[PDB]
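Examining the three-dimensional arrangement
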2 protein chains.
Amino acid sequence: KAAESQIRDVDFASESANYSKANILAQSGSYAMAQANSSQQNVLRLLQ
Amino acid sequence: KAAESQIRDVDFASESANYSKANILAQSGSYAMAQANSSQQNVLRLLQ
């Protein structure tokens, strides 16, 4: 029963680290997308 | 998609320059046409 646990279950020690890392990366990626969508507003200064 | 954009779309950077240049040229050409039409009034001074 212990040898099976070694294969099947997850260790919350590492799992919470992975989750927090992925969450901060999600925030960063959302900011990057929000900036990428806006990165073209400068063209209007040419046209106006 | 980016490789296609490189071939198909236009860059407003250069396009606005081309457009403004052509517009100023149009104004100058219109003035030149007006002066060309008017450049014959001086004959009347002979006849009068």
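Residues numbered from 1 in each chain as written, not as in the entry; some residues may be left out. Chains lettered and ligands numbered in written order. Part of a larger assembly, values for the part shown. Heavy atoms only, no water.

Header annotation of the entry names cryo-EM as the structure determination method and lists the resolution as 3.5 Å.

We now examine the overall build of chain A. For chain A, the count of helices and strands is three helices and zero strands. Considered along the principal axes of its C-alpha atoms, chain A spans approximately 70 × 15 × 5 Å. When the 48 residues of chain A are sorted by exposure, 0% land in the buried category. Positive and negative side-chain charges of chain A, numbering 4 and 4 respectively, have mean locations separated by a distance of 14 Å. (Helix = DSSP H or I, 4+ residues; strand = E, 2+ residues; numbered from the N terminus. Buried < 20%, exposed > 50% of the residue type's maximum accessible area, 1.4 Å probe, protein only. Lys, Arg positive; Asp, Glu negative; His and termini not counted. Charge placed at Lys NZ, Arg CZ, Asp CG, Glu CD.)

A word on the pattern of salt bridges. All names here are of chain A. Counted by the stated rule, this structure contains two salt bridges over all chains. Here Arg8 makes a salt bridge to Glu4, at a shortest N to O gap of 3.9 Å. With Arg8 and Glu4 both in helix α1 (residues 2–8), this residue pair falls four residues apart, about one helical turn. Judged by its relative accessible area of 44%, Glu4 falls in the partly exposed class. (Salt bridge = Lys/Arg side-chain N within 4 Å of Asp/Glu carboxyl O.)

What follows deals with a nonpolar patch on the surface. Among the surface-exposed residues, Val43, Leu44, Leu46 and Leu47 of chain A together with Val10 and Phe12 of chain B lie close enough to one another that they form a single nonpolar patch of about 530 Å² accessible area. It is helix α3 (residues 43–47) of chain A that contributes the most residues to the nonpolar patch, four residues altogether. Tracing the backbone shows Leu47 of chain A in helix α3. (Patch = residues over 30% accessible without salt bridge, like charges linked within 9 Å, V, L, I, M, F, W, Y side chains within 5 Å. Areas by Shrake-Rupley, 256 points an atom, 1.4 Å probe, with all protein chains shown as cover.)

So, about the environment of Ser16 of chain A. Residues and elements named next belong to chain A. With respect to the helices and strands, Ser16 occurs in helix α2 (residues 12–38). On the basis of relative accessible area, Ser16 is assigned to the partly exposed category, the value being 42%. A C-alpha to C-alpha distance of 17 Å links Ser16 and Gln27, two positions eleven residues apart in sequence.

Glancing now at the environment of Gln40 of chain B. Along the chain, the position of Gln40 of chain B falls in the loop between α2 (12–38) and α3 (44–47). Along the primary structure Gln40 of chain B and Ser28 of chain B are separated by twelve residues, whereas in three dimensions their C-alpha atoms are 20 Å apart.

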